[PDB]
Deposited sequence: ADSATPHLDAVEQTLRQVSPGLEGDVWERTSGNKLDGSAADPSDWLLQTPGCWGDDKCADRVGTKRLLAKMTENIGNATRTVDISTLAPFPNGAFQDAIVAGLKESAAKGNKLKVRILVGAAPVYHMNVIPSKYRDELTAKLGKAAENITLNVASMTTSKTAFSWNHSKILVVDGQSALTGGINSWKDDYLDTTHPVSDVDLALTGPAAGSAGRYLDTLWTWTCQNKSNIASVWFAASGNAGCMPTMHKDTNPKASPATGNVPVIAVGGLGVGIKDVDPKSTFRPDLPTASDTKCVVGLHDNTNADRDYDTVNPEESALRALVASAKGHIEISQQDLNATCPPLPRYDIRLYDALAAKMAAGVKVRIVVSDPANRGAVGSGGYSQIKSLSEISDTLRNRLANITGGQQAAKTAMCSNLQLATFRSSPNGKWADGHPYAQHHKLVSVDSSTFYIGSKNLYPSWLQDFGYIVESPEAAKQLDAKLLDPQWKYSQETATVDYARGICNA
């Protein structure tokens, strides 16, 4: 196979969540990473993209992200489908959406549009604001806007950040459309989306139909859903299926696995799954005895959240090296368990076999929204303890870890903080293996029980562009904070 990593992941997903294939996860061929002729790596919609400069003067990343949002929407002929985490898009994010919608309306197109947010008056106000800003272009648009909560007790609601146009183009990643955190600030959050086209955009459209089908079903229950539409328009549970081809056109040669999760409160189990996991044991992840742990001790939860298993399978597929860039690997407990045991066990299995692991997280000084640990020791201790189970003791665990781990906090320039004195915040949900296959999406590696979505792309060419444009500049500046770095013999943990 040309695609050993996807092959492995796909075999896992089909055992975990067979009934969700097509809708919540899906393998496709024939896609394209959607970069420009001039800078073919600029499918990689990183922000801010001001490497080396503690003042972030030239934000080539941000500029390209907003331009690409506008360009994709402006090319719509039928549908625009947006999900994010509340608040609703504002600032220049909202401006980009408005500009795109006006452009499409001026090219003669009549559009259906869905905008869905997860959250803990807002929707109708956002609809009205958008409608006002569109002017005459609003006459062309059938709009649905909604906020939703699927479980109050599991803190479950939409967390995906997706923009799909005509079922053909898709932008997704970790970026919320929040002007204060990303744009109008001298300490912008560092994050990444990707832009693709092809059948894998269809996959995202079918994922969004899954969420909207639940949302429209629950639209009269105020505790669950707040819905607003333009004119006399109804809720559109299946806009994608109804408006776009099931057979999405091919655009390139890139193979992709789309994968998401349904969180808690949409669907409790995949009734088709016969998955029978070995559930790891004995860790110190559950800080309190009362907590129900969906991440580590709920088989049914896995079957409706294939993304957790997909990310653990991506790690397990690595033959040489794994790079992980996250806000955090660990969650705040309560209400969540501190870590995903199976993920740390998969990383430990890899280091024990000499596969190199790099983890870069957000500076704990953020705490200090954008960090959930006090110290990198909270990561290294856990990896060491899980390594001890398979290397025969704590000493052999520490040696394996020091010979195979790079663990650090993020910086984007030579300075320990931004020039304005605020720590760098990082929010990527990024995993790359073997300079071959990578995940970009909204699903954090720390325990979380939300509706999420992302893509796993197997393309050494694209993975090399990801190295040059993101992971290499990240390590260049971030390596100075490392507590463990096998490449320089640092072992302070």
Where does the model have holes with respect to the deposited sequence? 1 to 2, 123 to 128, 377 to 381
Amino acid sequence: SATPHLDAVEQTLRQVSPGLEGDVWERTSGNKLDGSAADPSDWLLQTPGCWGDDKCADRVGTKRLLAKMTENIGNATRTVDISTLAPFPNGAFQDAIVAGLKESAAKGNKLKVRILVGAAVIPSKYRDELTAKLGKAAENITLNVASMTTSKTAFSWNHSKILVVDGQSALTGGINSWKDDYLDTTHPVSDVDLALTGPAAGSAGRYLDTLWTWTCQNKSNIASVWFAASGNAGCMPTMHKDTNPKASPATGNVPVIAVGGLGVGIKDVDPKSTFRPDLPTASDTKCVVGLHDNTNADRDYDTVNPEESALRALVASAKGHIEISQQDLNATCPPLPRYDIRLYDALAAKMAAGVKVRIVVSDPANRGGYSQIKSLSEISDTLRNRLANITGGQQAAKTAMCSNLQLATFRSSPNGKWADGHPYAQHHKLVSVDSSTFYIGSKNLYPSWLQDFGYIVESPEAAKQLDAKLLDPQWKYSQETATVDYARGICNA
From here on, numbers count along this sequence of modelled residues.
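Between two forms, the rigid core is defined as the largest C-alpha subset superposing within 1.5 Å.
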With the rigid core held as the alignment frame, decide whether 244 to 252 or 210 to 218 lies farther from the shown form in 6 other deposited structures of this protein, in terms of RMS C-alpha distance. 244 to 252
Positional deviation of Cα atoms in 6 other deposited structures of this protein after core superposition, greater for 283 to 291 or 389 to 397: 283 to 291
Quick one: across the other PDB entries of this protein we compared, is residue 237 left without coordinates in at least a third of them? no
What about residue 368, is it left unmodelled in a third or more of the other PDB entries we looked at? yes
Per the entry, where is the mean C-alpha temperature factor higher: 155 to 163 or 122 to 130? 122 to 130
In the PDB record, does 167 to 175 or 401 to 409 carry the higher mean Cα temperature factor? 401 to 409
Using the temperature factors in the entry, find which of 316, 360, 341, 365 has the highest value at its Cα atom. 365
Out of 199, 205, 414, 188, residue topping the C-alpha B-factor column of the entry: 414
Taking the chain's C-alpha temperature factors as the reference, tell me which third residue 195 falls into: lowest, middle or highest. lowest
So, residue 242's CA B-factor, relative to its chain, sits in which third? The middle
Entry-reported Cα temperature factor of residue 312, expressed as the chain third it lands in: lowest
Hey, what third does residue 56 fall into on Cα B-factor, ranked over its chain? highest
Relative C-alpha B-factor of residue 111, binned into the chain's lowest, middle or highest third: middle
